[PDB]
Every structure is written in C-alpha cells, then in structure tokens.
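A short worksheet on the structure shown next.
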Amino acid sequence: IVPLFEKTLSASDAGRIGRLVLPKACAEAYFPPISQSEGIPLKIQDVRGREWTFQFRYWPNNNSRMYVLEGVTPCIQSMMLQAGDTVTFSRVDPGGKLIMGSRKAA
DNA sequence: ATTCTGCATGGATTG
DNA sequence: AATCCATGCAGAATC
C-alpha cells in the first residue's frame, strides 16, 4: 500500500466544475504516462472500495503540460469533501490499483 | 442561462 | 528566472 501523493483541494477542484488538477510532478511520477492529450480512463477506488472512474488527461500550457482528472464531482461529493480538505493517492503493490484517500482540515 | 471545453494568464512558487 | 496551477474566459452545447 505504497502512498504516493497529496493535494489540498482548491476552490476549483472542490467545486462542481468537474476537474481536479494534478501537480505536474505528481501526475508524472505516479500516474501512468500519457502520450496523447485525450488521456486514459483511470479507475480509482476510495476507502469503501467503491470504484470511481475519472479521465486522466492534460492540456498544453506554454509548451508544457497541465494534468487534470475529469469527472471528479460525484466522488469528491461522496467523501463530503470541500476546499481546504486534502485528497491523497496510494497504490497497491500487486496489480497497481490506485486508491483515493482524503482527510479534512483543522 | 447554464453547463461543457479547451485552453490562457499571471501571482506563486520553485529552481 | 522559469514554470507552475488556480481560475478566468470565450465559444459550443444544452437546458
């Protein structure tokens, strides 16, 4: 159960827009590498083992890339998360299932 | 009249 | 001193 990264949800991530940005460094060290901009359907599951499915994609951004998970709103809702709170990611050694954790802020 | 969508921009933040 | 990333935004769909 290797843990990978953490990200405090900003207003845009926790809002209903539907897109949680991933830190470029994080998304590139820990999520599958993506060649094309459309990206990969990425299957995470939460602490209750419910499998949610996001779209892991990027956009161009000053010749760099900007990585984002789309489709996040119902899952974040299900954790009763809001901005300030932090979301976390981990992996499981066999099969590499990516697991989403969260913790609320003080 | 409201949500997708595919990016830009510039204060932060990092190197 | 360079490149993030939180969010603005303008057009296309959609209510």
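Here, A, B, ... name the chains of the structure tokens in the order displayed, residue numbers run from 1 inside each chain, and ligands are numbered from 1 in the same displayed order.
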Need the shell around residue 3 of chain B: protein/DNA/RNA residues with any atom at most 9 Å away, counting only C-alpha atoms (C1' of nucleotides). Skip same-chain ones fewer than 6 positions apart. Format as a ChimeraX atom specification?
/A:17 /C:13-15
Let's have the selection written as a tab-separated table (two decimals), in the first residue's frame, with N, CA, C and O atoms (P, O5', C5', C4', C3', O3' and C1' of nucleotides).
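selection.tsv, freshly written:
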```
chain	number	residue	atom	x	y	z
A	17	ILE	N	-17.09	22.20	-11.10
A	17	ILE	CA	-16.55	22.29	-12.45
A	17	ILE	C	-16.25	20.91	-13.01
A	17	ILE	O	-16.48	20.64	-14.19
C	13	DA	P	-21.00	22.65	-31.44
C	13	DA	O5'	-21.98	21.89	-30.44
C	13	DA	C5'	-22.43	22.56	-29.28
C	13	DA	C4'	-22.55	21.61	-28.12
C	13	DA	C3'	-23.88	20.92	-28.04
C	13	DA	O3'	-23.80	19.82	-27.16
C	13	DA	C1'	-23.80	22.66	-26.44
C	14	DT	P	-25.04	18.82	-27.05
C	14	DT	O5'	-25.93	19.42	-25.85
C	14	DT	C5'	-25.44	19.44	-24.52
C	14	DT	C4'	-26.38	20.21	-23.61
C	14	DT	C3'	-27.88	19.88	-23.77
C	14	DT	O3'	-28.46	19.64	-22.50
C	14	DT	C1'	-27.55	22.19	-23.77
C	15	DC	P	-29.88	18.89	-22.39
C	15	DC	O5'	-30.76	19.85	-21.46
C	15	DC	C5'	-30.43	20.03	-20.10
C	15	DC	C4'	-30.78	21.44	-19.63
C	15	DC	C3'	-32.28	21.68	-19.34
C	15	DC	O3'	-32.43	22.28	-18.06
C	15	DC	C1'	-31.41	23.39	-20.69
```
Any idea what's packed within 7 Å of segment 83-98 of chain A, counting only C-alpha atoms (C1' of nucleotides), ignoring anything in its chain fewer than 6 positions away? Could you give it as a VMD selection string?
chain A and resid 1 to 11 14 44 to 45 104 to 105
Would you kindly report the residues of chain A within 10 Å of chain B, using only C-alpha atoms (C1' of nucleotides), as a PyMOL selection string?
chain A and resi 16-18+59-62
Quick one, how far is atom CA of residue 68 of chain A from atom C1' of residue 9 of chain C?
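Atom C1' of residue 9 of chain C lies 18.3 Å from atom CA of residue 68 of chain A.
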With a cut-off of 12 Å and counting only C-alpha atoms (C1' of nucleotides), select all residues of chain C in contact with chain A and give the selection as a VMD selection string.
chain C and resid 2 to 8
